[PDB]
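A.B. asks: Pasting final_31.txt here (compact mmCIF, C-alpha atoms and all ligand atoms):
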# COMPACT_ATOMS: atom_id res chain seq x y z
CA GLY X 106 30.26 -21.12 -80.08
CA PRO X 107 29.30 -24.75 -80.70
CA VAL X 108 26.16 -26.18 -79.08
CA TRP X 109 24.29 -29.47 -79.42
CA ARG X 110 21.47 -28.94 -81.94
CA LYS X 111 19.33 -31.81 -80.63
CA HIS X 112 17.67 -32.57 -77.29
CA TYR X 113 18.52 -36.26 -76.75
CA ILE X 114 22.19 -36.62 -75.83
CA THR X 115 24.03 -39.85 -75.06
CA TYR X 116 27.01 -40.54 -72.86
CA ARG X 117 29.17 -43.58 -72.27
CA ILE X 118 31.59 -44.37 -69.48
CA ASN X 119 34.69 -45.60 -71.30
CA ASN X 120 36.41 -47.01 -68.23
CA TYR X 121 36.12 -46.75 -64.46
CA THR X 122 38.52 -45.29 -61.93
CA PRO X 123 39.73 -47.87 -59.36
CA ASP X 124 39.42 -45.08 -56.78
CA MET X 125 35.67 -45.60 -56.37
CA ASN X 126 32.91 -48.19 -56.29
CA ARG X 127 31.54 -48.74 -59.83
CA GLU X 128 27.98 -47.82 -58.81
CA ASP X 129 29.25 -44.59 -57.23
CA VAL X 130 30.97 -43.55 -60.47
CA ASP X 131 27.71 -44.21 -62.35
CA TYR X 132 25.68 -42.21 -59.84
CA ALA X 133 28.09 -39.26 -59.61
CA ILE X 134 28.09 -38.89 -63.41
CA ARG X 135 24.30 -39.33 -63.63
CA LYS X 136 23.75 -36.66 -60.95
CA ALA X 137 26.15 -34.30 -62.75
CA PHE X 138 24.15 -34.64 -65.99
CA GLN X 139 20.92 -34.08 -64.02
CA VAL X 140 22.23 -30.70 -62.82
CA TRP X 141 22.20 -29.50 -66.45
CA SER X 142 19.06 -31.29 -67.63
CA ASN X 143 17.29 -29.50 -64.72
CA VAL X 144 17.79 -26.12 -66.38
CA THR X 145 17.68 -27.00 -70.11
CA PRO X 146 15.55 -29.06 -72.54
CA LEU X 147 18.37 -31.63 -72.74
CA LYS X 148 17.90 -35.31 -71.90
CA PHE X 149 20.88 -37.55 -71.16
CA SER X 150 21.04 -41.33 -71.59
CA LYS X 151 23.88 -43.63 -70.62
CA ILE X 152 24.71 -46.15 -73.34
CA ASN X 153 26.88 -49.22 -72.87
CA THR X 154 28.04 -49.79 -76.43
CA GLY X 155 28.47 -47.77 -79.62
CA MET X 156 29.30 -44.13 -80.32
CA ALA X 157 28.07 -41.71 -77.64
CA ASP X 158 27.94 -37.93 -77.92
CA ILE X 159 29.91 -37.57 -74.68
CA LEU X 160 32.58 -40.14 -73.82
CA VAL X 161 33.67 -40.11 -70.15
CA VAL X 162 37.29 -41.26 -69.77
CA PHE X 163 39.69 -41.75 -66.86
CA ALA X 164 43.32 -41.49 -67.99
CA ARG X 165 46.73 -40.30 -66.81
CA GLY X 166 49.64 -38.45 -68.44
CA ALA X 167 49.61 -38.50 -72.24
CA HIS X 168 46.35 -40.09 -73.41
CA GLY X 169 45.99 -39.19 -77.07
CA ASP X 170 44.63 -35.62 -77.34
CA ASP X 171 46.99 -32.58 -76.74
CA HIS X 172 45.94 -31.99 -73.17
CA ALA X 173 48.37 -34.35 -71.41
CA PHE X 174 47.66 -34.69 -67.70
CA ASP X 175 50.18 -33.60 -65.07
CA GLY X 176 50.15 -36.15 -62.23
CA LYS X 177 48.46 -35.61 -58.88
CA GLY X 178 47.20 -32.04 -58.40
CA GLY X 179 47.08 -29.20 -60.92
CA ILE X 180 44.81 -30.19 -63.81
CA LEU X 181 42.02 -32.45 -62.53
CA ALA X 182 39.99 -32.88 -65.72
CA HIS X 183 39.29 -31.33 -69.11
CA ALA X 184 36.50 -31.57 -71.69
CA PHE X 185 35.76 -30.65 -75.28
CA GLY X 186 32.91 -28.49 -76.55
CA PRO X 187 30.06 -29.88 -78.67
CA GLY X 188 31.09 -31.40 -81.98
CA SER X 189 31.75 -34.64 -83.79
CA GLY X 190 34.39 -37.17 -82.72
CA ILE X 191 36.09 -36.07 -79.49
CA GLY X 192 33.68 -33.12 -79.25
CA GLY X 193 31.77 -33.35 -75.98
CA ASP X 194 34.17 -35.80 -74.36
CA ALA X 195 35.20 -35.38 -70.72
CA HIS X 196 38.51 -36.68 -69.41
CA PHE X 197 39.38 -37.13 -65.72
CA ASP X 198 42.98 -37.39 -64.50
CA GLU X 199 43.49 -40.84 -62.97
CA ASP X 200 46.40 -39.43 -60.94
CA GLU X 201 43.78 -37.70 -58.79
CA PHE X 202 41.97 -39.66 -56.11
CA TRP X 203 38.28 -39.51 -57.00
CA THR X 204 35.65 -39.76 -54.25
CA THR X 205 31.97 -39.37 -53.34
CA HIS X 206 32.82 -37.00 -50.49
CA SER X 207 35.14 -34.17 -49.34
CA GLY X 208 38.29 -36.34 -49.44
CA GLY X 209 40.47 -36.45 -52.55
CA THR X 210 38.73 -34.77 -55.48
CA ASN X 211 34.96 -35.03 -55.67
CA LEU X 212 33.92 -36.68 -58.94
CA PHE X 213 30.37 -35.26 -59.00
CA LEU X 214 31.48 -31.64 -58.53
CA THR X 215 34.28 -31.98 -61.08
CA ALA X 216 31.89 -33.65 -63.54
CA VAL X 217 29.31 -30.85 -63.22
CA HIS X 218 32.00 -28.41 -64.36
CA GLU X 219 33.31 -30.71 -67.13
CA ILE X 220 29.84 -31.41 -68.52
CA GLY X 221 29.31 -27.63 -68.58
CA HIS X 222 32.22 -27.58 -71.06
CA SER X 223 30.80 -30.61 -72.92
CA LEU X 224 27.62 -28.54 -73.45
CA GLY X 225 29.52 -25.46 -74.68
CA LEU X 226 30.19 -23.37 -71.57
CA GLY X 227 33.48 -21.62 -70.95
CA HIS X 228 34.92 -20.43 -67.67
CA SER X 229 33.36 -17.84 -65.41
CA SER X 230 35.26 -15.13 -63.54
CA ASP X 231 32.72 -15.41 -60.69
CA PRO X 232 34.15 -17.47 -57.76
CA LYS X 233 30.57 -18.60 -56.92
CA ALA X 234 30.04 -20.29 -60.31
CA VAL X 235 30.65 -24.01 -60.86
CA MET X 236 32.33 -22.86 -64.10
CA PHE X 237 34.95 -20.87 -62.13
CA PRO X 238 38.39 -22.25 -63.16
CA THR X 239 39.35 -23.27 -59.60
CA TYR X 240 38.19 -26.48 -57.94
CA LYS X 241 36.78 -26.05 -54.43
CA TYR X 242 34.75 -28.61 -52.49
CA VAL X 243 31.22 -27.57 -51.53
CA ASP X 244 28.64 -29.82 -49.83
CA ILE X 245 27.41 -32.03 -52.68
CA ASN X 246 24.09 -32.88 -51.00
CA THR X 247 22.94 -29.24 -51.18
CA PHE X 248 24.82 -28.24 -54.35
CA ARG X 249 23.23 -25.63 -56.64
CA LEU X 250 24.32 -23.80 -59.81
CA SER X 251 25.06 -20.09 -59.40
CA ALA X 252 22.92 -17.46 -61.18
CA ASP X 253 25.90 -16.99 -63.52
CA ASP X 254 25.96 -20.71 -64.44
CA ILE X 255 22.21 -20.67 -65.12
CA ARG X 256 22.48 -17.48 -67.21
CA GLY X 257 25.39 -19.09 -69.07
CA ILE X 258 23.65 -22.34 -69.94
CA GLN X 259 20.31 -20.69 -70.74
CA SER X 260 22.16 -18.40 -73.18
CA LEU X 261 22.96 -21.63 -75.10
CA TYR X 262 19.84 -23.77 -74.57
CA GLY X 263 16.14 -23.36 -73.73
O1 LIG X 301 37.78 -28.05 -67.09
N1 LIG X 301 39.10 -28.16 -66.67
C1 LIG X 301 39.68 -27.07 -66.17
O2 LIG X 301 39.09 -26.00 -66.08
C2 LIG X 301 41.12 -27.23 -65.72
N2 LIG X 301 41.24 -26.88 -64.32
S1 LIG X 301 40.89 -27.93 -63.16
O3 LIG X 301 41.16 -29.26 -63.63
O4 LIG X 301 41.69 -27.59 -62.01
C3 LIG X 301 39.34 -27.83 -62.77
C4 LIG X 301 38.45 -28.87 -63.07
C5 LIG X 301 37.11 -28.79 -62.71
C6 LIG X 301 36.63 -27.66 -62.04
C7 LIG X 301 37.50 -26.61 -61.74
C8 LIG X 301 38.85 -26.70 -62.10
CA CA X 302 46.50 -33.69 -62.30
CA CA X 303 32.14 -37.16 -78.61
CA CA X 304 43.19 -42.35 -59.16
ZN ZN X 305 42.22 -35.56 -72.52
ZN ZN X 306 37.20 -25.98 -66.82
Take the structure in the file and write it out as structure tokens.
Ligand SMILES: O=NC(=O)CNS(=O)(=O)c1ccccc1
Ligand SMILES: [Ca+2]
Ligand SMILES: [Ca+2]
Ligand SMILES: [Ca+2]
Ligand SMILES: [Zn+2]
Ligand SMILES: [Zn+2]
C.D. replies:
Amino acid sequence: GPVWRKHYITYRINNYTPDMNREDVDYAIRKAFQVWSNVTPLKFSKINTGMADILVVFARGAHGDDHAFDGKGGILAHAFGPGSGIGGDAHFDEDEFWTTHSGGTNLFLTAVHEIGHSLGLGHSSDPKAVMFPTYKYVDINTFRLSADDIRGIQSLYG
């Protein structure tokens, strides 16, 4: 399947959810990228203008792609595998309530999973994997990838 064929990857935050402090959105997304750069040769840079490899978007309902969102609950986010254009992009449902903690839906934890997709990972059948298709809050301060996640990503990079 598609992978990025270069080590320096850019991302851009298209718009910010009103659910969170701006700096907290920046940090959650940065930390989520760091999870993957920790176990690959990839380096991620936030850019403020221009065309990024990975565009991070908050949107609700129909938002121009073919994966319309569904209101509060259900689908929380979706992302596209590596490629030109929309490839790599990660979309977060604004009808969720995004947070830094265990309330609402945790942006960091959701973003770790979405960026996994942005890098070319699919879903895991292992409930312990961040790439498992079901969202479940785990303590974000001690968060770690499962062996399955690490095997998955290192089958694609490094
Ligand atoms: O990547 N998106 C999905 O897998 C769709 N399911 S979900 O939005 O409920 C979701 C999102 C993120 C992590 C687990 C599950
Ligand atoms: Ca939803
Ligand atoms: Ca893109
Ligand atoms: Ca919201
Ligand atoms: Zn979308
Ligand atoms: Zn997913």
A.B. asks: Set the cut-off to 10 Å, count only C-alpha atoms and all ligand atoms, and list whatever residues fall near ligand ZN 305 (chain X) as a PDB file with C-alpha atoms, in the coordinates of the input.
C.D. replies:
ATOM      1  CA  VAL X 161      33.670 -40.110 -70.150  1.00  0.00           C
ATOM      2  CA  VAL X 162      37.290 -41.260 -69.770  1.00  0.00           C
ATOM      3  CA  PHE X 163      39.690 -41.750 -66.860  1.00  0.00           C
ATOM      4  CA  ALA X 164      43.320 -41.490 -67.990  1.00  0.00           C
ATOM      5  CA  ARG X 165      46.730 -40.300 -66.810  1.00  0.00           C
ATOM      6  CA  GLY X 166      49.640 -38.450 -68.440  1.00  0.00           C
ATOM      7  CA  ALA X 167      49.610 -38.500 -72.240  1.00  0.00           C
ATOM      8  CA  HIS X 168      46.350 -40.090 -73.410  1.00  0.00           C
ATOM      9  CA  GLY X 169      45.990 -39.190 -77.070  1.00  0.00           C
ATOM     10  CA  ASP X 170      44.630 -35.620 -77.340  1.00  0.00           C
ATOM     11  CA  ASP X 171      46.990 -32.580 -76.740  1.00  0.00           C
ATOM     12  CA  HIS X 172      45.940 -31.990 -73.170  1.00  0.00           C
ATOM     13  CA  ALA X 173      48.370 -34.350 -71.410  1.00  0.00           C
ATOM     14  CA  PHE X 174      47.660 -34.690 -67.700  1.00  0.00           C
ATOM     15  CA  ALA X 182      39.990 -32.880 -65.720  1.00  0.00           C
ATOM     16  CA  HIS X 183      39.290 -31.330 -69.110  1.00  0.00           C
ATOM     17  CA  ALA X 184      36.500 -31.570 -71.690  1.00  0.00           C
ATOM     18  CA  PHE X 185      35.760 -30.650 -75.280  1.00  0.00           C
ATOM     19  CA  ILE X 191      36.090 -36.070 -79.490  1.00  0.00           C
ATOM     20  CA  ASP X 194      34.170 -35.800 -74.360  1.00  0.00           C
ATOM     21  CA  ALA X 195      35.200 -35.380 -70.720  1.00  0.00           C
ATOM     22  CA  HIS X 196      38.510 -36.680 -69.410  1.00  0.00           C
ATOM     23  CA  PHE X 197      39.380 -37.130 -65.720  1.00  0.00           C
ATOM     24  CA  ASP X 198      42.980 -37.390 -64.500  1.00  0.00           C
TER      25      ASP X 198
END
A.B. asks: Let me make sure I understand: among X:149, X:219, X:212, X:181, which one has the smallest atom-to-atom distance to residue 193 (chain X) if we use all atoms listed in the file?
C.D. replies: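 Ranked by minimum distance to residue 193 (chain X), first place goes to X:219.
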A.B. asks: Could you please determine the separation between CA of residue 249 (chain X) and CA of residue 209 (chain X) in Å, to one decimal place?
C.D. replies: 20.8 Å
A.B. asks: State, in Å with one decimal place, the distance from CA of residue 156 (chain X) to CA of residue 192 (chain X).
C.D. replies: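 CA of residue 192 (chain X) lies 11.9 Å from CA of residue 156 (chain X).
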A.B. asks: As a quick test: using all atoms listed in the file, which residues lie no more than 8 Å away from ligand LIG 301 (chain X)? Give them as a list in words.
C.D. replies: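 These are the residues that qualify: residues 178, 179, 180, 181, 182, 183, 184, 214, 215, 216, 218, 219, 222, 228, 235, 236, 237, 238, 239, 240 and 241 of chain X.
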A.B. asks: What gap, in Å, lies between CA of residue 205 (chain X) and atom CA of ligand CA 304 (chain X)?
C.D. replies: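 Interatomic distance here is 13.0 Å.
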A.B. asks: List all protein, DNA and RNA residues that have any atom at most 10 Å from ligand CA 304 (chain X), counting all atoms listed in the file, and write the list as a tab-separated table (two decimals) with C-alpha atoms, in the coordinates of the input.
C.D. replies:
chain	number	residue	atom	x	y	z
X	121	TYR	CA	36.12	-46.75	-64.46
X	122	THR	CA	38.52	-45.29	-61.93
X	123	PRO	CA	39.73	-47.87	-59.36
X	124	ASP	CA	39.42	-45.08	-56.78
X	125	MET	CA	35.67	-45.60	-56.37
X	163	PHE	CA	39.69	-41.75	-66.86
X	164	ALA	CA	43.32	-41.49	-67.99
X	165	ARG	CA	46.73	-40.30	-66.81
X	176	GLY	CA	50.15	-36.15	-62.23
X	177	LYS	CA	48.46	-35.61	-58.88
X	197	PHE	CA	39.38	-37.13	-65.72
X	198	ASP	CA	42.98	-37.39	-64.50
X	199	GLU	CA	43.49	-40.84	-62.97
X	200	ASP	CA	46.40	-39.43	-60.94
X	201	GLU	CA	43.78	-37.70	-58.79
X	202	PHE	CA	41.97	-39.66	-56.11
X	203	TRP	CA	38.28	-39.51	-57.00
X	204	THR	CA	35.65	-39.76	-54.25
X	209	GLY	CA	40.47	-36.45	-52.55
X	210	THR	CA	38.73	-34.77	-55.48
A.B. asks: Counting only C-alpha atoms, which residue out of X:119, X:142, X:247, X:153 sits closest to residue 220 (chain X)?
C.D. replies: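 Nearest to residue 220 (chain X): X:142.
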A.B. asks: Smallest atom-to-atom distance to residue 217 (chain X): which of X:256, X:158, X:109, X:245, using all atoms listed in the file?
C.D. replies: X:245
A.B. asks: Between X:260, X:190, X:175, X:229, which has the minimum distance to ligand CA 302 (chain X) (counting only C-alpha atoms and all ligand atoms)?
C.D. replies: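 Result for the nearest residue to ligand CA 302 (chain X): X:175.
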